[PDB]
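Beneath this line is the structure, given in structure tokens, with notes to follow.
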Amino acid sequence: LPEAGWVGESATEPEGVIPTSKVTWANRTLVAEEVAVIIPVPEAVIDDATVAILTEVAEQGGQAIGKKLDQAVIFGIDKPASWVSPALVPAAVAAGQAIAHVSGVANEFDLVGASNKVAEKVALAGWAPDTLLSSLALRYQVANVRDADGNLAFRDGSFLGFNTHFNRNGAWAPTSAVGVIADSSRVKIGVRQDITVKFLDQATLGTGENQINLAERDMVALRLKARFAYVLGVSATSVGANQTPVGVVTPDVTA
Amino acid sequence: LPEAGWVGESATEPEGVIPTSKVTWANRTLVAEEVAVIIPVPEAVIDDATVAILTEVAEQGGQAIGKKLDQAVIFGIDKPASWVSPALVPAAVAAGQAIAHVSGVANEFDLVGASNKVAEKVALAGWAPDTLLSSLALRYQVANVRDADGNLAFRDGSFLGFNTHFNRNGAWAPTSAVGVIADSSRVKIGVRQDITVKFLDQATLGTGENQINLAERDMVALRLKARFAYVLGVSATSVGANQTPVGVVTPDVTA
Amino acid sequence: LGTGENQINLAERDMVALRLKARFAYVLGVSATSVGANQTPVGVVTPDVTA
């Protein structure tokens with residue numbers, strides 16, 4: 001951001017001179033990286049099975065690619081070294097936008113309260129928090145938070161103002177986050193190639209002592225691949241330079 | 001204000017004498033002061049850029065001027081020395097119209113309690129508190145203050161009877177104030193000249209080794225300037241002399 | 001306007017100026033007259049420096 005100043009009147013004294021200042025811009029990249037698997041199987045097993053095994057292998061491999069994308073983007077697990085944007089949980093922690101959930105009785109740090117405290121930090125960065133990522137644990141746990149008399153504290157939907165998405169492909173790392181809160185206008189996923197299947201019947205897998213020549217072993221395989229990119233729109237806002245658009249509710253380790 | 005008395009009629013005892021008394025006035029001033037910036041850029045960069053750089057520079061410069069005005073008026077940060085009126089937060093503190101927030105469980109000094117106590121101080125001064133200034137933190141924090149059982153106090157209806165204005169240009173100093181409550185009839189902003197833009201293309205910026213001759217370097221610049229004034233109507237109300245029309249909720253630095 | 005310690009850059013000091021200019025010449029027609037060559041057409045009363 002540029003910077004104005006209060007200025008005097010003088011033809012001679014330095015306080016009479018209007019300050020110079022600059023706006024500046026920076027560059028964020030989507031870089032497409034490849035995620036893939038090969039699943040080999042005997043051609044005799046494909047012939048004897050009563051169900052289309054290769055259709056199940058294609059669907060299971062598609063789900064395994066979907067898991068590996070969420071792991072990279074949300075938690076930074078196995079993230080490609082060319083993705084210069086920090087993953088959502090590491091970004092929130094490094095920015096100081098992390099709050100620890102306190103379990104037990106209803107509390108200003110219960111699942112509703114700790115999420116409100118995180119959205120407050122994202123709002124004070126000048127971003128608009130609008131999206132909550134979580135495991136299903138949060139959905140069942142909010143439904144059973146008790147006040148000090150033991151009645152339900154949150155008998156009705158209390159995450160209003162968040163679009164809520166539940167991770168169900170097992171990518172969630174519950175030791176890293178209870179939930180992730182973001183301004184979803186500042187997170188983009190680049191889809192360079194959606195998931196594709198190729199049937200292999202002559203290909204060679206591995207090398208040396210691990211070499212599998214598919215044709216002479218009477219085998220086939222599926223190759224599953226996709227290309228994805230991620231960018232986090234960390235930028236200046238009206239509040240200041242270098243503002244992170246994401247925060248995290250961490251678990252808490254005792255009490 | 002003048003002061004009356006009771007007279008016990010007598011030609012000779014001092015209780016028979018009507019007391020003489022006095023009314024007085026004072027002068028409050030609007031003094032216009034100048035805030036400005038110059039933003040120089042190469043004319044080739046204006047031509048090669050894919051966006052109107054001079055338009056974004058004008059709007060970013062306008063925002064940066066707006067931040068200096070809010071900093072001066074609310075908090076006294078870089079307040080021009082010719083403005084004799086105290087800034088809204090220093091005024092409220094010096095008048096003894098500051099209430100410390102007490103964070104944690106809902107209590108008579110929580111955010112709603114402290115705002116009520118401040119407004120009743122302004123009302124007992126004989127002013128009509130009608131305006132609340134704060135950052136977005138206040139809106140998130142009243143939405144999560146808990147009763148002693150841990151339930152949400154204040155589901156709805158907080159801060160009715162105030163026009164509420166939220167500061168988003170980064171001028172707010174959360175270490176100085178949680179919120180400012182004022183009678184907005186007694187605060188005036190003088191606009192001697194609104195945000196005014198000149199395009200410079202022959203001008204010289206700086207002197208000696210710092211000198212940028214714009215024309216022989218193929219550069220241009222925007223000059224943005226405005227003149228603003230501020231006055232606070234500290235004056236007698238029906239309750240007494242020299243009453244301040246402003247109170248402040250100060251942050252909790254002790255719980 | 002000016003240079004170094006005297007330099008006023010009008011734009012960054014929020015100033016303006018007027019430049020006023022004119023161009024003039026003068027000639028005295030010292031010439032011959034019927035009396036002779038090189039005759040000056042002007043005389044002066046100079047002030048009393050002695051009383």
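By convention in this document, the chains of the structure tokens carry letters A, B, ... by their order, each chain's residues are numbered from 1, and ligands are numbered from 1 in the order they are shown.
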
- request: Write down, as a VMD selection string, each residue of chain B that has any atom within 7 Å of an atom of chain A, counting only C-alpha atoms.
  value: chain B and resid 34 to 39 57 60 to 61 64 to 65 136 to 137 140 144 to 146 149 to 151 168 to 170

Only N, CA, C and O atoms, please: the residues just picked out, written as a PDB file, in the first residue's frame.
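Printed below is selection28.pdb as written:
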```pdb
ATOM      1  N   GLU B  34      -3.268  19.896   5.694  1.00  0.00           N
ATOM      2  CA  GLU B  34      -3.126  19.205   4.419  1.00  0.00           C
ATOM      3  C   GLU B  34      -2.471  17.840   4.552  1.00  0.00           C
ATOM      4  O   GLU B  34      -1.430  17.688   5.186  1.00  0.00           O
ATOM      5  N   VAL B  35      -3.072  16.847   3.910  1.00  0.00           N
ATOM      6  CA  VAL B  35      -2.554  15.488   3.785  1.00  0.00           C
ATOM      7  C   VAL B  35      -2.378  15.163   2.310  1.00  0.00           C
ATOM      8  O   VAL B  35      -3.250  15.475   1.502  1.00  0.00           O
ATOM      9  N   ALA B  36      -1.241  14.589   1.930  1.00  0.00           N
ATOM     10  CA  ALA B  36      -0.897  14.416   0.527  1.00  0.00           C
ATOM     11  C   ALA B  36       0.122  13.304   0.264  1.00  0.00           C
ATOM     12  O   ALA B  36       0.819  12.852   1.169  1.00  0.00           O
ATOM     13  N   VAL B  37       0.219  12.877  -0.993  1.00  0.00           N
ATOM     14  CA  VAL B  37       1.235  11.944  -1.496  1.00  0.00           C
ATOM     15  C   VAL B  37       1.516  12.199  -2.976  1.00  0.00           C
ATOM     16  O   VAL B  37       0.627  12.631  -3.705  1.00  0.00           O
ATOM     17  N   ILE B  38       2.726  11.912  -3.443  1.00  0.00           N
ATOM     18  CA  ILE B  38       3.062  11.834  -4.871  1.00  0.00           C
ATOM     19  C   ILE B  38       3.512  10.416  -5.209  1.00  0.00           C
ATOM     20  O   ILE B  38       4.307   9.835  -4.484  1.00  0.00           O
ATOM     21  N   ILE B  39       3.037   9.841  -6.308  1.00  0.00           N
ATOM     22  CA  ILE B  39       3.392   8.474  -6.715  1.00  0.00           C
ATOM     23  C   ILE B  39       3.939   8.502  -8.148  1.00  0.00           C
ATOM     24  O   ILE B  39       3.150   8.616  -9.083  1.00  0.00           O
ATOM     25  N   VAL B  57      -3.465   3.298  -8.701  1.00  0.00           N
ATOM     26  CA  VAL B  57      -2.658   4.222  -7.899  1.00  0.00           C
ATOM     27  C   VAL B  57      -3.500   5.350  -7.313  1.00  0.00           C
ATOM     28  O   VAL B  57      -3.328   5.681  -6.145  1.00  0.00           O
ATOM     29  N   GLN B  60      -5.751   3.580  -4.498  1.00  0.00           N
ATOM     30  CA  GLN B  60      -4.881   3.224  -3.378  1.00  0.00           C
ATOM     31  C   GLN B  60      -4.368   4.455  -2.629  1.00  0.00           C
ATOM     32  O   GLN B  60      -4.312   4.440  -1.404  1.00  0.00           O
ATOM     33  N   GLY B  61      -4.035   5.540  -3.327  1.00  0.00           N
ATOM     34  CA  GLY B  61      -3.661   6.809  -2.709  1.00  0.00           C
ATOM     35  C   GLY B  61      -4.811   7.442  -1.936  1.00  0.00           C
ATOM     36  O   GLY B  61      -4.627   7.844  -0.794  1.00  0.00           O
ATOM     37  N   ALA B  64      -5.144   5.504   1.323  1.00  0.00           N
ATOM     38  CA  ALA B  64      -4.069   5.855   2.242  1.00  0.00           C
ATOM     39  C   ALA B  64      -4.271   7.218   2.907  1.00  0.00           C
ATOM     40  O   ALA B  64      -3.945   7.375   4.078  1.00  0.00           O
ATOM     41  N   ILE B  65      -4.864   8.189   2.215  1.00  0.00           N
ATOM     42  CA  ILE B  65      -5.251   9.471   2.815  1.00  0.00           C
ATOM     43  C   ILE B  65      -6.361   9.260   3.847  1.00  0.00           C
ATOM     44  O   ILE B  65      -6.248   9.736   4.973  1.00  0.00           O
ATOM     45  N   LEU B 136     -13.933  -4.796  13.401  1.00  0.00           N
ATOM     46  CA  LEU B 136     -14.807  -5.975  13.301  1.00  0.00           C
ATOM     47  C   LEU B 136     -14.735  -6.899  14.525  1.00  0.00           C
ATOM     48  O   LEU B 136     -15.636  -7.708  14.724  1.00  0.00           O
ATOM     49  N   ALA B 137     -13.714  -6.780  15.374  1.00  0.00           N
ATOM     50  CA  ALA B 137     -13.539  -7.649  16.528  1.00  0.00           C
ATOM     51  C   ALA B 137     -14.752  -7.608  17.452  1.00  0.00           C
ATOM     52  O   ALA B 137     -15.210  -8.648  17.908  1.00  0.00           O
ATOM     53  N   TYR B 140     -17.654  -9.946  16.220  1.00  0.00           N
ATOM     54  CA  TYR B 140     -17.341 -11.347  16.486  1.00  0.00           C
ATOM     55  C   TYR B 140     -17.330 -11.669  17.974  1.00  0.00           C
ATOM     56  O   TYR B 140     -17.759 -12.750  18.361  1.00  0.00           O
ATOM     57  N   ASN B 144     -19.854 -14.408  20.816  1.00  0.00           N
ATOM     58  CA  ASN B 144     -19.266 -15.571  21.489  1.00  0.00           C
ATOM     59  C   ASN B 144     -19.038 -15.409  23.000  1.00  0.00           C
ATOM     60  O   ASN B 144     -18.521 -16.328  23.626  1.00  0.00           O
ATOM     61  N   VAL B 145     -19.420 -14.303  23.634  1.00  0.00           N
ATOM     62  CA  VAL B 145     -19.335 -14.212  25.100  1.00  0.00           C
ATOM     63  C   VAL B 145     -20.350 -15.161  25.739  1.00  0.00           C
ATOM     64  O   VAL B 145     -21.478 -15.294  25.269  1.00  0.00           O
ATOM     65  N   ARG B 146     -19.937 -15.880  26.786  1.00  0.00           N
ATOM     66  CA  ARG B 146     -20.693 -16.998  27.365  1.00  0.00           C
ATOM     67  C   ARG B 146     -21.187 -16.687  28.762  1.00  0.00           C
ATOM     68  O   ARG B 146     -20.482 -16.038  29.522  1.00  0.00           O
ATOM     69  N   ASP B 149     -22.809 -20.951  32.561  1.00  0.00           N
ATOM     70  CA  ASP B 149     -23.024 -22.335  32.132  1.00  0.00           C
ATOM     71  C   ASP B 149     -22.313 -22.659  30.819  1.00  0.00           C
ATOM     72  O   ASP B 149     -22.198 -23.825  30.454  1.00  0.00           O
ATOM     73  N   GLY B 150     -21.832 -21.644  30.105  1.00  0.00           N
ATOM     74  CA  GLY B 150     -21.156 -21.777  28.827  1.00  0.00           C
ATOM     75  C   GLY B 150     -22.051 -21.522  27.622  1.00  0.00           C
ATOM     76  O   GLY B 150     -21.543 -21.520  26.505  1.00  0.00           O
ATOM     77  N   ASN B 151     -23.351 -21.294  27.803  1.00  0.00           N
ATOM     78  CA  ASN B 151     -24.255 -20.948  26.708  1.00  0.00           C
ATOM     79  C   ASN B 151     -23.931 -19.567  26.132  1.00  0.00           C
ATOM     80  O   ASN B 151     -23.326 -18.728  26.794  1.00  0.00           O
ATOM     81  N   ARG B 168     -12.364  -0.441   8.613  1.00  0.00           N
ATOM     82  CA  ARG B 168     -11.718  -1.467   7.774  1.00  0.00           C
ATOM     83  C   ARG B 168     -10.459  -1.006   7.035  1.00  0.00           C
ATOM     84  O   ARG B 168      -9.802  -1.812   6.393  1.00  0.00           O
ATOM     85  N   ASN B 169     -10.096   0.272   7.100  1.00  0.00           N
ATOM     86  CA  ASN B 169      -8.916   0.826   6.428  1.00  0.00           C
ATOM     87  C   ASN B 169      -7.611   0.696   7.234  1.00  0.00           C
ATOM     88  O   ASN B 169      -6.625   1.351   6.916  1.00  0.00           O
ATOM     89  N   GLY B 170      -7.589  -0.105   8.296  1.00  0.00           N
ATOM     90  CA  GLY B 170      -6.380  -0.349   9.083  1.00  0.00           C
ATOM     91  C   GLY B 170      -5.969   0.790  10.018  1.00  0.00           C
ATOM     92  O   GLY B 170      -4.894   0.719  10.605  1.00  0.00           O
TER      93      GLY B 170
END
```

Please report as JSON lines every residue of chain B lying within 8 Å of chain C, along with the nearest atom pair and their distance in Å (one decimal), using only C-alpha atoms.
```
{"residue": "B:38", "atom": "CA", "partner": "C:12", "partner_atom": "CA", "distance": 7.6}
{"residue": "B:200", "atom": "CA", "partner": "C:11", "partner_atom": "CA", "distance": 7.9}
{"residue": "B:203", "atom": "CA", "partner": "C:11", "partner_atom": "CA", "distance": 6.3}
{"residue": "B:204", "atom": "CA", "partner": "C:9", "partner_atom": "CA", "distance": 6.0}
{"residue": "B:205", "atom": "CA", "partner": "C:12", "partner_atom": "CA", "distance": 6.5}
{"residue": "B:206", "atom": "CA", "partner": "C:9", "partner_atom": "CA", "distance": 7.7}
{"residue": "B:207", "atom": "CA", "partner": "C:4", "partner_atom": "CA", "distance": 6.9}
{"residue": "B:208", "atom": "CA", "partner": "C:4", "partner_atom": "CA", "distance": 6.6}
{"residue": "B:223", "atom": "CA", "partner": "C:12", "partner_atom": "CA", "distance": 7.9}
```

Those residues with N, CA and C atoms, as a PDB file, in the first residue's frame please?
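This is the output file selection-v4.pdb:
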```
ATOM      1  N   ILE B  38       2.726  11.912  -3.443  1.00  0.00           N
ATOM      2  CA  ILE B  38       3.062  11.834  -4.871  1.00  0.00           C
ATOM      3  C   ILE B  38       3.512  10.416  -5.209  1.00  0.00           C
ATOM      4  N   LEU B 200       1.125  14.876 -13.072  1.00  0.00           N
ATOM      5  CA  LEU B 200       2.389  15.563 -13.290  1.00  0.00           C
ATOM      6  C   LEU B 200       3.191  14.849 -14.376  1.00  0.00           C
ATOM      7  N   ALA B 203       7.135  17.936 -13.952  1.00  0.00           N
ATOM      8  CA  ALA B 203       7.633  18.287 -12.634  1.00  0.00           C
ATOM      9  C   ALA B 203       8.963  17.626 -12.255  1.00  0.00           C
ATOM     10  N   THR B 204       9.646  18.235 -11.297  1.00  0.00           N
ATOM     11  CA  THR B 204      10.847  17.697 -10.656  1.00  0.00           C
ATOM     12  C   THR B 204      10.507  17.288  -9.238  1.00  0.00           C
ATOM     13  N   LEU B 205      10.884  16.083  -8.830  1.00  0.00           N
ATOM     14  CA  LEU B 205      10.666  15.580  -7.478  1.00  0.00           C
ATOM     15  C   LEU B 205      12.010  15.452  -6.758  1.00  0.00           C
ATOM     16  N   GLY B 206      12.143  15.969  -5.541  1.00  0.00           N
ATOM     17  CA  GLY B 206      13.406  15.938  -4.795  1.00  0.00           C
ATOM     18  C   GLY B 206      14.484  16.895  -5.311  1.00  0.00           C
ATOM     19  N   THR B 207      15.644  16.900  -4.653  1.00  0.00           N
ATOM     20  CA  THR B 207      16.768  17.819  -4.918  1.00  0.00           C
ATOM     21  C   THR B 207      18.109  17.084  -4.860  1.00  0.00           C
ATOM     22  N   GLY B 208      19.114  17.545  -5.607  1.00  0.00           N
ATOM     23  CA  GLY B 208      20.473  17.000  -5.542  1.00  0.00           C
ATOM     24  C   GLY B 208      20.563  15.560  -6.045  1.00  0.00           C
ATOM     25  N   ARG B 223      -0.149  13.432  -8.095  1.00  0.00           N
ATOM     26  CA  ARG B 223      -0.194  14.122  -6.805  1.00  0.00           C
ATOM     27  C   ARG B 223      -1.614  14.017  -6.289  1.00  0.00           C
TER      28      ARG B 223
END
```

message: I'd like to know which residues of stretch 39-223 of chain B are helix (DSSP H, G or I) (by DSSP, run on the backbone); could you write them as a ChimeraX atom specification?
response: /B:43-48,53-75,88-94,111-124,137-142,208-210,215-217

message: Can you pull out the residues contacting residue A:190? Cut-off 8 Å, using only C-alpha atoms, and skip same-chain residues under 6 positions away; I want them as number ranges by chain.
response: A: 30, 32, 228-230

task: Report as a ChimeraX atom specification: the residues of stretch 78-226 of chain B with a DSSP assignment of strand (DSSP E), based on the backbone of this structure.
output: /B:98-100,131-134,163-166,179-182,187-200,204-205,212-213,219-226

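What separates atom CA of residue B:221 from atom CA of residue B:66 is a distance of 19.9 Å.
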
- prompt: In Å, with one decimal, what is the gap from atom CA of residue B:160 to atom CA of residue B:176?
  reply: 23.8 Å

All residues 10 Å or closer to residue A:46, only C-alpha atoms, same chain fewer than 6 positions away omitted, as a ChimeraX atom specification: /A:52-54,219-220
